[PDB]
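Visitor: Have a look at this one.
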Amino acid sequence: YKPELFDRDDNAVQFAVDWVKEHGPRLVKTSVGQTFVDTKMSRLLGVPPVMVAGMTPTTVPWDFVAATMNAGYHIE
Amino acid sequence: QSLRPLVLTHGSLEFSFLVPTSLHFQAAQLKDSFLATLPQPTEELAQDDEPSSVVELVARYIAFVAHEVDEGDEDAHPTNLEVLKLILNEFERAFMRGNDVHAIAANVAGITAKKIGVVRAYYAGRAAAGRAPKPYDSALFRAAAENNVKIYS
Amino acid sequence: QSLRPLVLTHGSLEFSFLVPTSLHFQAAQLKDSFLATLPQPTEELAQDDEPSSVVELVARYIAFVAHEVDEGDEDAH
Amino acid sequence: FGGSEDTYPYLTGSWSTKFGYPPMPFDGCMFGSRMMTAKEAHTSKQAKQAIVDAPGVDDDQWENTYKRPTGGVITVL
Ligand SMILES: Cc1cc2nc3c(=O)[nH]c(=O)nc-3n(C[C@H](O)[C@H](O)[C@H](O)COP(=O)(O)O)c2cc1C
């Protein structure tokens with residue numbers, strides 16, 4: 001509003017965000033040369049932002065789940 | 001040589017003041033009839049469209065005095081212009097701290113109405129002592145001319 | 001240089017006053033103890049043998065003060 | 001989803017431009033039906049077979065499940 005046109009503090013200016021800027025995909029590499037598609041998800045979880053969703057019949061048995069986490073991916 | 005303690009007292013909020021020894025009853029008078037302009041104090045810390053902060057006690061007083069300057073009270077015009085200069089200075093000193101009245105009204109008790117009440121109490125004592133707003137440019141237009149932001153109308 | 005607003009307030013009648021800056025608390029004092037000499041104000045606009053007009057607020061005060069002049073209050077004459 | 005090629009667009013925020021709106025990035029992507037044919041999945045042999053053998057359908061006529069044997073999948077209560 002009005003007071004955002006007459007301010008003296010350095011922090012007084014706002015920039016409406018472009019979700020492309022803020023949440024755009026990225027790439028990054030480790031100190032041991034892995035590559036991670038950088039997103040909020042992958043950075044949170046700590047693995048590729050591609051994830052196998054939990055599914056009753058198939059995603060139930062402890063094999064497919066532990067084998068998929070050994071394959072370095074987030075599964076439910 | 002010339003120091004006189006003036007207190008703006010009300011409910012649970014106060015503001016202290018420094019006055020010339022000479023101009024201390026002109027400033028006592030504006031304070032006196034001004035503490036009757038306000039409704040009976042509330043220890044519940046607020047009233048609807050009455051004081052909400054200490055920033056409002058001074059703001060309400062700045063427009064109270066600046067109104068009695070332009071009001072047809074003669075023989076007492078030179079003396080009111082001085083009470084005015086002090087309150088304006090004490091306000092830009094402590095309350096605004098150099099910053100514009102709008103961005104400093106943006107931090108008082110939200111009624112979306114009293115935030116206006118402070119901003120007009122200022123440009124009422126601003127013009128009643130004849131001072132024309134110093135040509136600052138906002139952090140916005142500053143960074144617009146510094147080509148960070150592109151402002152359209 | 002020297003102007004001080006003194007108000008004689010009561011019920012529904014008031015009188016405004018101009019006082020020297022110097023002699024403003026002597027005039028505040030006589031006004032103060034004088035607004036206690038009067039009985040509780042009446043919004044019915046009159047009391048028996050109490051104020052009836054604004055001409056009586058000042059008249060009552062003139063004799064109030066002039067009495068404390070001839071009264072033995074020293075150092076303040 | 002079943003690949004990085006179709007995933008990519010939402011992973012970007014490019015899908016949303018086709019609908020007259022600014023780019024809208026997703027923070028990842030999720031896979032379900034796809035992984036069913038993983039060799040480390042318990043899905044039976046002839047099952048996984050019959051799964052692949054389902055000719056998918058585009059986002060176009062997906063709602064057609066409700067009425068017909070659309071693609072290889074139908075909807076049921
Ligand atoms: C066989 C099967 C079992 C499923 N079980 C669950 C479940 O227990 N909880 C849940 O929130 N979603 C469940 N889902 C749905 C997925 O979690 C996911 O939202 C969906 O399958 C993704 O759509 P897609 O198969 O087209 O990739 C299941 C899907 C299938 C095909």
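Following the order of the structure tokens, first chain is A, next is B, and so on, with residues numbered from 1 inside each chain and ligands from 1 in the order they appear.
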Using 12 Å as the limit and counting only C-alpha atoms, can you tabulate each residue of stretch 7-63 of chain C that touches stretch 17-34 of chain B, with its shortest atom-to-atom distance in Å and the two atoms involved, as CSV?

Guide:
```
residue,atom,partner,partner_atom,distance
C:7,CA,B:33,CA,10.6
C:19,CA,B:25,CA,11.1
C:20,CA,B:25,CA,10.5
C:21,CA,B:25,CA,7.2
C:22,CA,B:25,CA,10.0
C:23,CA,B:25,CA,11.8
C:24,CA,B:25,CA,9.5
C:25,CA,B:25,CA,11.2
```

Visitor: Could the residues in this selection be saved with N, CA and C atoms as a short mmCIF file (atom, residue, chain, number, x, y, z; two decimals), in the first residue's frame?

Guide:
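Now in part.cif:
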```
data_model
loop_
_atom_site.label_atom_id
_atom_site.label_comp_id
_atom_site.auth_asym_id
_atom_site.auth_seq_id
_atom_site.Cartn_x
_atom_site.Cartn_y
_atom_site.Cartn_z
N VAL C 7 -10.05 28.75 33.67
CA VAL C 7 -11.48 28.49 33.48
C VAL C 7 -12.25 28.32 34.79
N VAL C 19 -4.70 35.40 32.48
CA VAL C 19 -3.89 35.56 33.67
C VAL C 19 -2.42 35.77 33.28
N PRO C 20 -1.68 36.59 34.06
CA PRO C 20 -0.22 36.59 33.85
C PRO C 20 0.38 35.21 34.12
N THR C 21 1.38 34.83 33.32
CA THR C 21 2.08 33.56 33.47
C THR C 21 2.55 33.37 34.92
N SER C 22 3.11 34.44 35.47
CA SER C 22 3.58 34.48 36.86
C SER C 22 2.48 34.15 37.87
N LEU C 23 1.43 34.97 37.88
CA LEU C 23 0.34 34.83 38.84
C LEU C 23 -0.74 33.87 38.37
N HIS C 24 -0.33 32.67 37.96
CA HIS C 24 -1.30 31.70 37.47
C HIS C 24 -1.64 30.57 38.45
N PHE C 25 -0.77 30.31 39.43
CA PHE C 25 -1.12 29.33 40.45
C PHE C 25 -1.78 29.94 41.70
#
```

Visitor: Write out as a PDB file with N, CA, C and O atoms, in the first residue's frame each polymer residue (protein, DNA or RNA) that has an atom no more than 9 Å from ligand 1, with only C-alpha atoms and all ligand atoms counted.

Guide:
```
ATOM      1  N   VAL A  52       8.858 -43.136  -5.929  1.00  0.00           N
ATOM      2  CA  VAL A  52       7.847 -44.179  -6.117  1.00  0.00           C
ATOM      3  C   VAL A  52       6.829 -44.074  -5.000  1.00  0.00           C
ATOM      4  O   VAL A  52       7.178 -44.202  -3.828  1.00  0.00           O
ATOM      5  N   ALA A  53       5.574 -43.836  -5.359  1.00  0.00           N
ATOM      6  CA  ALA A  53       4.516 -43.667  -4.371  1.00  0.00           C
ATOM      7  C   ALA A  53       4.116 -44.998  -3.761  1.00  0.00           C
ATOM      8  O   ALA A  53       4.279 -46.045  -4.387  1.00  0.00           O
ATOM      9  N   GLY A  54       3.600 -44.944  -2.535  1.00  0.00           N
ATOM     10  CA  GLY A  54       3.174 -46.130  -1.817  1.00  0.00           C
ATOM     11  C   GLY A  54       1.920 -46.715  -2.427  1.00  0.00           C
ATOM     12  O   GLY A  54       0.942 -46.005  -2.652  1.00  0.00           O
ATOM     13  N   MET A  55       1.960 -48.011  -2.704  1.00  0.00           N
ATOM     14  CA  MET A  55       0.863 -48.707  -3.350  1.00  0.00           C
ATOM     15  C   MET A  55       0.657 -50.021  -2.646  1.00  0.00           C
ATOM     16  O   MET A  55       1.580 -50.818  -2.541  1.00  0.00           O
ATOM     17  N   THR A  56      -0.562 -50.256  -2.181  1.00  0.00           N
ATOM     18  CA  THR A  56      -0.847 -51.415  -1.341  1.00  0.00           C
ATOM     19  C   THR A  56      -0.245 -52.739  -1.832  1.00  0.00           C
ATOM     20  O   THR A  56       0.692 -53.250  -1.213  1.00  0.00           O
ATOM     21  N   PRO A  57      -0.768 -53.299  -2.938  1.00  0.00           N
ATOM     22  CA  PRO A  57      -0.277 -54.620  -3.354  1.00  0.00           C
ATOM     23  C   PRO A  57       1.240 -54.683  -3.546  1.00  0.00           C
ATOM     24  O   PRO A  57       1.915 -55.490  -2.901  1.00  0.00           O
ATOM     25  N   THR A  58       1.762 -53.824  -4.414  1.00  0.00           N
ATOM     26  CA  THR A  58       3.149 -53.903  -4.851  1.00  0.00           C
ATOM     27  C   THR A  58       4.145 -53.254  -3.892  1.00  0.00           C
ATOM     28  O   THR A  58       5.230 -53.776  -3.699  1.00  0.00           O
ATOM     29  N   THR A  59       3.777 -52.128  -3.289  1.00  0.00           N
ATOM     30  CA  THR A  59       4.682 -51.393  -2.399  1.00  0.00           C
ATOM     31  C   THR A  59       4.604 -51.859  -0.943  1.00  0.00           C
ATOM     32  O   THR A  59       5.065 -51.185  -0.021  1.00  0.00           O
ATOM     33  N   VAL A  60       4.012 -53.026  -0.745  1.00  0.00           N
ATOM     34  CA  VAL A  60       3.872 -53.561   0.593  1.00  0.00           C
ATOM     35  C   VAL A  60       5.106 -54.340   1.063  1.00  0.00           C
ATOM     36  O   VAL A  60       5.597 -54.082   2.159  1.00  0.00           O
ATOM     37  N   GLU A  76       7.524 -45.255  -0.570  1.00  0.00           N
ATOM     38  CA  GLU A  76       6.605 -45.294   0.580  1.00  0.00           C
ATOM     39  C   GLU A  76       6.128 -46.707   0.928  1.00  0.00           C
ATOM     40  O   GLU A  76       5.372 -47.310   0.166  1.00  0.00           O
TER      41      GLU A  76
ATOM     42  N   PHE D   1       2.190 -40.342 -15.018  1.00  0.00           N
ATOM     43  CA  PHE D   1       3.562 -40.280 -15.504  1.00  0.00           C
ATOM     44  C   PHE D   1       4.222 -41.659 -15.661  1.00  0.00           C
ATOM     45  O   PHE D   1       3.910 -42.604 -14.931  1.00  0.00           O
ATOM     46  N   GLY D   2       5.141 -41.762 -16.619  1.00  0.00           N
ATOM     47  CA  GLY D   2       5.874 -42.996 -16.854  1.00  0.00           C
ATOM     48  C   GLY D   2       7.292 -42.761 -17.350  1.00  0.00           C
ATOM     49  O   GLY D   2       8.054 -43.706 -17.558  1.00  0.00           O
ATOM     50  N   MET D  30       6.022 -38.053  -8.954  1.00  0.00           N
ATOM     51  CA  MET D  30       5.644 -39.257  -8.239  1.00  0.00           C
ATOM     52  C   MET D  30       5.273 -40.379  -9.199  1.00  0.00           C
ATOM     53  O   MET D  30       4.587 -40.151 -10.194  1.00  0.00           O
ATOM     54  N   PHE D  31       5.728 -41.593  -8.893  1.00  0.00           N
ATOM     55  CA  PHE D  31       5.485 -42.748  -9.758  1.00  0.00           C
ATOM     56  C   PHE D  31       4.802 -43.911  -9.051  1.00  0.00           C
ATOM     57  O   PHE D  31       5.248 -44.375  -8.003  1.00  0.00           O
ATOM     58  N   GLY D  32       3.718 -44.386  -9.647  1.00  0.00           N
ATOM     59  CA  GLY D  32       2.999 -45.504  -9.088  1.00  0.00           C
ATOM     60  C   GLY D  32       2.871 -46.617 -10.097  1.00  0.00           C
ATOM     61  O   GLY D  32       3.642 -47.570 -10.077  1.00  0.00           O
ATOM     62  N   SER D  33       1.901 -46.484 -10.994  1.00  0.00           N
ATOM     63  CA  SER D  33       1.584 -47.533 -11.951  1.00  0.00           C
ATOM     64  C   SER D  33       2.820 -47.981 -12.723  1.00  0.00           C
ATOM     65  O   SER D  33       2.936 -49.146 -13.109  1.00  0.00           O
ATOM     66  N   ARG D  34       3.740 -47.045 -12.936  1.00  0.00           N
ATOM     67  CA  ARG D  34       4.961 -47.294 -13.695  1.00  0.00           C
ATOM     68  C   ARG D  34       5.795 -48.446 -13.133  1.00  0.00           C
ATOM     69  O   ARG D  34       6.085 -49.414 -13.838  1.00  0.00           O
ATOM     70  N   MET D  35       6.167 -48.336 -11.860  1.00  0.00           N
ATOM     71  CA  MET D  35       7.100 -49.269 -11.229  1.00  0.00           C
ATOM     72  C   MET D  35       6.565 -50.692 -11.068  1.00  0.00           C
ATOM     73  O   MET D  35       7.297 -51.594 -10.679  1.00  0.00           O
ATOM     74  N   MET D  36       5.285 -50.890 -11.351  1.00  0.00           N
ATOM     75  CA  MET D  36       4.667 -52.184 -11.118  1.00  0.00           C
ATOM     76  C   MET D  36       5.405 -53.301 -11.845  1.00  0.00           C
ATOM     77  O   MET D  36       5.481 -54.418 -11.346  1.00  0.00           O
TER      78      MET D  36
END
```

Visitor: Which residues, written as a list in words, have at least one atom at most 12 Å from residue A:62, with only C-alpha atoms counted and residues fewer than 6 positions away on the same chain left out?

Guide: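 Returned residues: residues 68, 69, 70, 75 and 76 of chain A; 40, 41 and 42 of chain D.
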
Visitor: Can you list, as a ChimeraX atom specification, all residues belonging to stretch 11-62 of chain C that DSSP tags as alpha helix (DSSP H)?

Guide: /C:25-37,54-62

Visitor: Atoms to include: N, CA, C and O atoms. Write the selected residues as a short mmCIF file (atom, residue, chain, number, x, y, z; two decimals), in the first residue's frame.

Guide:
```cif
data_model
loop_
_atom_site.label_atom_id
_atom_site.label_comp_id
_atom_site.auth_asym_id
_atom_site.auth_seq_id
_atom_site.Cartn_x
_atom_site.Cartn_y
_atom_site.Cartn_z
N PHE C 25 -0.77 30.31 39.43
CA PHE C 25 -1.12 29.33 40.45
C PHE C 25 -1.78 29.94 41.70
O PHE C 25 -2.45 29.25 42.46
N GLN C 26 -1.58 31.24 41.91
CA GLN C 26 -2.34 31.92 42.95
C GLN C 26 -3.79 31.94 42.52
O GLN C 26 -4.69 31.70 43.32
N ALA C 27 -4.00 32.20 41.23
CA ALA C 27 -5.33 32.23 40.63
C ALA C 27 -5.90 30.82 40.41
O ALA C 27 -7.11 30.64 40.37
N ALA C 28 -5.01 29.84 40.27
CA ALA C 28 -5.43 28.44 40.23
C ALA C 28 -5.93 27.99 41.60
O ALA C 28 -6.94 27.30 41.69
N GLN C 29 -5.23 28.39 42.66
CA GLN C 29 -5.58 28.04 44.05
C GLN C 29 -6.94 28.58 44.53
O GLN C 29 -7.74 27.87 45.14
N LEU C 30 -7.17 29.86 44.27
CA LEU C 30 -8.42 30.49 44.65
C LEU C 30 -9.58 29.85 43.88
O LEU C 30 -10.67 29.66 44.43
N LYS C 31 -9.34 29.51 42.62
CA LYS C 31 -10.33 28.82 41.80
C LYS C 31 -10.61 27.42 42.33
O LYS C 31 -11.76 26.98 42.38
N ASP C 32 -9.54 26.73 42.72
CA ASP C 32 -9.64 25.33 43.15
C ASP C 32 -10.48 25.15 44.43
O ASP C 32 -11.48 24.42 44.43
N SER C 33 -10.08 25.83 45.50
CA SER C 33 -10.78 25.71 46.77
C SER C 33 -12.15 26.37 46.70
O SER C 33 -12.99 26.17 47.58
N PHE C 34 -12.38 27.14 45.64
CA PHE C 34 -13.65 27.83 45.43
C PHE C 34 -14.69 26.94 44.75
O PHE C 34 -15.90 27.14 44.92
N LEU C 35 -14.22 25.96 43.98
CA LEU C 35 -15.10 25.02 43.29
C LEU C 35 -15.47 23.87 44.21
O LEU C 35 -16.12 22.90 43.80
N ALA C 36 -15.05 23.99 45.47
CA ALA C 36 -15.45 23.08 46.54
C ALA C 36 -16.42 23.79 47.49
O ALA C 36 -17.23 23.14 48.17
N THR C 37 -16.33 25.12 47.53
CA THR C 37 -17.25 25.96 48.30
C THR C 37 -18.68 25.79 47.77
O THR C 37 -19.65 25.90 48.52
N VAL C 54 -23.83 32.91 34.91
CA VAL C 54 -22.38 33.04 34.81
C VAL C 54 -21.93 34.33 35.53
O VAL C 54 -20.78 34.44 35.96
N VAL C 55 -22.86 35.28 35.67
CA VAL C 55 -22.60 36.53 36.40
C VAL C 55 -22.41 36.28 37.90
O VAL C 55 -21.84 37.12 38.62
N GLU C 56 -22.89 35.12 38.35
CA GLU C 56 -22.80 34.72 39.76
C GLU C 56 -21.55 33.89 40.06
O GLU C 56 -21.08 33.85 41.19
N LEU C 57 -21.01 33.22 39.04
CA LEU C 57 -19.79 32.44 39.18
C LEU C 57 -18.61 33.37 39.45
O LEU C 57 -17.75 33.08 40.29
N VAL C 58 -18.58 34.49 38.74
CA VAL C 58 -17.51 35.46 38.90
C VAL C 58 -17.72 36.30 40.16
O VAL C 58 -16.76 36.57 40.89
N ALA C 59 -18.96 36.69 40.40
CA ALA C 59 -19.32 37.44 41.60
C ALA C 59 -18.98 36.67 42.87
O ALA C 59 -18.40 37.22 43.81
N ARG C 60 -19.32 35.38 42.90
CA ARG C 60 -19.01 34.51 44.03
C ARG C 60 -17.50 34.36 44.23
O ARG C 60 -17.02 34.20 45.36
N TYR C 61 -16.77 34.41 43.13
CA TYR C 61 -15.33 34.26 43.15
C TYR C 61 -14.64 35.55 43.59
O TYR C 61 -13.62 35.51 44.28
N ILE C 62 -15.22 36.69 43.20
CA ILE C 62 -14.66 38.01 43.54
C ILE C 62 -14.67 38.24 45.05
O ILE C 62 -13.74 38.85 45.60
#
```

Visitor: Which of these residues is nearest to residue B:99, using only C-alpha atoms: A:24, A:7, A:35, A:66?

Guide: A:7

Visitor: Could you jot down the atom CA of residue D:5 to atom CA of residue A:72 separation for me, Å, one decimal place?

Guide: 20.8 Å
